Amino acid sequence: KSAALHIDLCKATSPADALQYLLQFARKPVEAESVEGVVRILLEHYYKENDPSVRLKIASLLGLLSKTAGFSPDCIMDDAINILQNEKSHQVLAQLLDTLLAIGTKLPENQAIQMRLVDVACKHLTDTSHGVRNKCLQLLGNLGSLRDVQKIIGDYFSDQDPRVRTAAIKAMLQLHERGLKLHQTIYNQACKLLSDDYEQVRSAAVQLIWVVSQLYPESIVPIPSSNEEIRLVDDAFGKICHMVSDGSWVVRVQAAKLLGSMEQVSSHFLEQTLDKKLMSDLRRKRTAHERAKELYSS
Amino acid sequence: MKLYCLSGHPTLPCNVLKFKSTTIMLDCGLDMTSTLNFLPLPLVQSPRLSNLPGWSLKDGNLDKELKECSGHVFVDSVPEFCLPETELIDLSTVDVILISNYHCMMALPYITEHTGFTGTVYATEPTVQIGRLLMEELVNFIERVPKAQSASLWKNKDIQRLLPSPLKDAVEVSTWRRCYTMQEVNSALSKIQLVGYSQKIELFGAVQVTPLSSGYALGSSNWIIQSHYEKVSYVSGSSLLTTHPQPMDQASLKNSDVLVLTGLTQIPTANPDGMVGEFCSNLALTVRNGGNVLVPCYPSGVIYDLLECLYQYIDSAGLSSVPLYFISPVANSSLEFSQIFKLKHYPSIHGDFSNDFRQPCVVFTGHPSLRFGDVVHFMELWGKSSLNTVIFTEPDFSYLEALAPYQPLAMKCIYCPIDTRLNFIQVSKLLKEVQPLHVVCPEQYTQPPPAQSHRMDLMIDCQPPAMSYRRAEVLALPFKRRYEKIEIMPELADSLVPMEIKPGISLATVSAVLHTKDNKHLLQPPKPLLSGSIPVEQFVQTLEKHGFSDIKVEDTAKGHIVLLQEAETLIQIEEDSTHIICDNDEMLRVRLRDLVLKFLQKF
Amino acid sequence: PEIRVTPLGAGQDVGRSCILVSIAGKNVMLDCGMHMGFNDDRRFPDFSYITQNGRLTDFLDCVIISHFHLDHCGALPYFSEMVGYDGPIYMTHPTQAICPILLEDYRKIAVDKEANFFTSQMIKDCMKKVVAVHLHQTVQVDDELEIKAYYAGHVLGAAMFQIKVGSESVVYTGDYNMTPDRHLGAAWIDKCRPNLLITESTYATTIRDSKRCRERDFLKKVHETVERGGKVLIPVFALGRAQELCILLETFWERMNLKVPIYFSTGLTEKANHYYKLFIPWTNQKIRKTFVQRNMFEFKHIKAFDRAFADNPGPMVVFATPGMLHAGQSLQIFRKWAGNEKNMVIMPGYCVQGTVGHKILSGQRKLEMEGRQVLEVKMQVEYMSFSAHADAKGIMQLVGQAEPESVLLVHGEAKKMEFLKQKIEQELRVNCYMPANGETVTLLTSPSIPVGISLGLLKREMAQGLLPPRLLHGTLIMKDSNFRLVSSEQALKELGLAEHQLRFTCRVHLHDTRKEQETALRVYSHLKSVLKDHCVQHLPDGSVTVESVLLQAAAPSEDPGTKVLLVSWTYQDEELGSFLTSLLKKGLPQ
């Protein structure tokens, strides 16, 4: 049926006729060898079509076809990369980057993944596009190694949009969860953004502070900061406490779980805790006792 | 700006606005005509359903999963609800969801628990709760009976072509899904942040959204999305006059660059007041003859308006001792909200109700669809008696679909639909004053209604683009100018250097550096273009003042040349062109450049 | 750009909270009060501004009232007729309902005490000039100024108001409690960054947990009393204070239950019951949920108490009416309890009401009444801070969330305020005041000027930003109507100035023996070598370019020893141009 589909796509009367047909095709599943068929055809159409709307869905279709169990996304990653270089609207590019991420995870081979990562570092530098930036951070995070990647992500830590800030934090967080070891540079960066205006950002920030805290409890912060030198974990515990007393109801939830999960806090600081500031919203209240008991054992 | 339209129905729109680098899903709606399409599901097994035949579709294939009632096919699966297409735009990229009315906010939990989306829904406090108890009501009804085991098995195109008219006209067949669980409901309600009216909730320091009062039932919140330059206003469930709820904020909706109007009368010939009156007459008549009365209604909005009139008629007619028995699980809650912001309500049928049941009564039941709920069962009991009546107060569902499976019913059937939502005349008068440049509204409004030939259709001077399902329509606005504040201690001073060209125009050379913090712009201090003409006489005099000797001026085509013979220099002076020609003497060049520049404006 | 704040009744003095605030050209009075404990001279805090402009409407744009307490809104009816104010008086919806209730009740107590007081007539007149502002609702009171409510806790209807005219915001925060007391969660203000924050400083000493501590204290006190017919005489000045007392009594009964005897506020406790039930939205989130599923505030005991507690020597738990007033039910109750062992009396509020407050402070057994009455007390006096308010820790926290340029302390005593001021000054990098009554702070701010850019320009500069130094040029158009920032070229095009060009040609003289034919090639090859990463071209006509600088071998001079190179540039390329000519003056490789 592969060559019939070809014909139907061009025969579209108007731009929005084309759009619907693609949409309808989305809803019928495609087998291993027909997915190869349609990918090619849909790329061809993409070249020749001047309306973004249709380009965007073509990209979505492409992603769906990438995700097919039988399908192996080879001989058409190069094509994807080629189209990236010579595309012009940020939305479509972001969608294609998403497709690329899907492709990356589909096959775990070292070489192609690295290629894709480099491509997305290139696309990471995109300007006044909140969305290409976010997609890029996601993909870097997803396809990343095991150092350069980690260093890159801090650049976008300090970005105009809080929406990019969050993505960066989550990306680092992701890198941890695939067995990597973050640096103390990352720790300092996380402490620097714990007190941003946006609620999202703060949520993510403590998440990370906790992450790096568990990574380096033994390590110490030399900086006195108006007191004598104390442990990294000590300070992390402190910063997470502050958040319990922060002006949001969901920021506190972030803190509570992490505060409870903290280990090898000094007996002094652990005793001193203002975890008895449980108030207002009764969800937080209930949550903060749960882990209390888990770690009263400790 | 691109607005993606993701739902067909005028009533529930789900229209996604990509704007100023931030995308918004203006509503999330569950249609429910698909559900009216399936065969009704009773709380207790009904003889009819068990003994129903097939429709003999034949052509091989299915005789199990298609039935026939009064020459109309139904399907022997659980009612499946049509939901807004998810494919045309990714949900992720639609950032926050705004939700207007509690009736229009169903299908929120579908999307949030099924297809990936990590944003914050903004909905005013009343609507959230009303919508919460309404979905809980819905979930209870479909899960009261577990008959969802069966599969529809009719979705195939081929099957649709051959089968008869009632099923044939499904705009989408493949997107139908069985109802979500109470967990998804919970997730949805959790993500809603409760935002009061006229509250300027700003998203990501980009655009400012605020829920204005709409005039319709409690929680009805039309929205305005402005950015300091373009005001886009979204106008759903925005009944003008409906008594108690705070009225429509026309003035706040005024001078909007782009108005989206979607909520509008389901019935254009609504005549609200008259229908309320007729309703109550009919009810009275039937209770007088001793037959029972059945009303299929929802747990908010129309229910309370009809209750206040009934009481008044009873006071005026002295038709007491007729129990007004409201039967629904969330009846408890429903009355509670009325309090917060001779009728006896029973959450459980076959309970308090059974013990207290009296021979005549007016029972306001579970669902207007007549497929899922308690209405079904009472409908069956009272069907076989001519005496007993059913009044359809609800516009959502056409008179005739309910009648369809239960076509051989003795009950006198009355239609009394009441819609408080703006009429087309009301919408026409609204839009003259509000005065918006482009308006986007569904095809349905664009053309006159199928039923009536008459030209009641919604028309504006600008000839407004008609929406449609799966239609991504781009309106004609490019952003031209965006705000940027100036610094106090460092910048203001240096950037307060105006040089007057005209009486009412000034010009200041601004040099600074911009920090783009949280998507806001602030310029603070860390070769110009030239314009003008060189008056030759005054230029030579300037040269003479600075000691240059032996100056000669000659006329040339289109200008003059000034010859500085003592300095081996030529200055060609033409319109918008000065050419200094000299030896490689940088000091001399600089001195002449400076003397020339004094005669030119710097930009 | 100076915002002048002068507390006419607030400041160093507690009660009669009145604070005039002149953000830009707009004057806004923040409260208007009835300082208690004084027969006269304190009905209304004297009005300097009134004495200046005959009609208040002209001088004052607007008046925001915090909540129902006689402290704050008590003397709001003063203003009906006598000083003749007209304009939008802005209270939250719960406030305005309860406001007349307390106004009239005080009106009642005043007339039984002659006095030229506002009648109900004129109180109603003043109330008819009131606009209700919902929570977090931005309402433009004037073309320019607008006011937004916030949740202040403390009581139902406690509205924290931010008056903003432009970019400079003064946010008053009066009677705000930073803990989830019953009927009220913690007061939230978002991150406005207002210029001036005005706060209550009633508690300048850090306190323990608001609910747990107050329960412990209450229970202990009750048990201590109970030994020998332990009486309760507790003043309560508010509708929602009565409910608090009832809840405390309920708690006592739950923990103990030894004595059945319970008493209620007054005859019309029906009403308080009513009002609390009515306003479910405003109440603490959790409490509202609990109310929608459970019964609220059952009471039927008041009537039983009255008769039982008519000067008899029993255990009845009587929270009487207005404790710190000239006369009242409470005074009667205190007189009844006076001089007996049974008696213990609790001061639940701040107990600061002029003379009565002073008496409470020193707790003198030999206390003298206003009238010629000799009363000697021998009960146990204990005060607990069960009153909904923020401790000095709480003040710190809210200052934190607002994070203003400066803070101003009102509504505490100077000693307490002084310490608090010192603390805030040390702790956060802000300078904070503690002004007295009738004293103004001329806290200078500066204007923050809003202008619109060309989107093209902005985009380009943003692009320049990200690759690394970021200097940005261009002009403003100033009609005083629509301040705009446009590009060099764009501005030129707008005003219709023609396209000017300032061109230089400089004659470089080479002195070497190389043939004239080879000049351009030599120049090209030398400049291409030296000017790394510059566009350097040899054109088909033989000329040489460096970016947009043009170089051309001239015609033979009449000096055989010299070869002329013409080097030409526009003014925009002057830096590179003069660089090249200074470079070439050294000559070419030879």
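For chain B, we keep the numbers from Swiss-Prot: what you see runs 1-61, 64-343, 372-556, 582-658, in order.
Cβ atoms are placed via backbone N, Cα and C, with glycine included.
Within the list B:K58, B:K550, the entry that Swiss-Prot describes as SUMO2 cross-link is B:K58.
Spacing of B:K2 (1D-myo-inositol hexakisphosphate binding site) relative to B:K58 (SUMO2 cross-link) is 47 Å (Cα to Cα, whole number). DSSP assigns B:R511 (1D-myo-inositol hexakisphosphate binding site) to a strand. Counting only the Cα atoms, the space from B:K510 (1D-myo-inositol hexakisphosphate binding site) to B:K58 (SUMO2 cross-link) is about 63 angstrom. According to its DSSP assignment, B:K2 (1D-myo-inositol hexakisphosphate binding site) is in a strand. Across B:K2, B:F19, B:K510, B:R511, which the record gives as binding 1D-myo-inositol hexakisphosphate, the greatest C-alpha separation is 19 Å.
B:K58 (SUMO2 cross-link) falls within neither a helix nor a strand when secondary structure is assigned with DSSP, and so counts as coil. The subset of recorded positions B:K2, B:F19, B:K58, B:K510, B:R511 lying near chain C, with Cβ atoms under 8 Å apart, consists of B:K510, B:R511. Chain break remark: 25 residues absent between B:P556 and B:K582, end-to-end distance 17 Å (Cα atoms, rounded to whole Å). The chain break between B:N61 and B:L64 spans 2 missing residues, with the CA atoms of the two ends lying 5 Å apart. Sequence-distant neighbours of B:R511 (1D-myo-inositol hexakisphosphate binding site): residues of the same chain at least 6 apart with a C-beta under 8 Å from its C-beta are B:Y231. Reduced to three states, the DSSP call for B:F19 (1D-myo-inositol hexakisphosphate binding site) is strand. It is B:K2 that, of the recorded positions B:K2, B:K58, B:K510, has its Cβ surrounded by the most other Cβ atoms within 10 Å. In the deposited model, 28 residues between B:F343 and B:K372 are left unbuilt, and the Cα atoms of these two flanking residues are separated by 20 Å.
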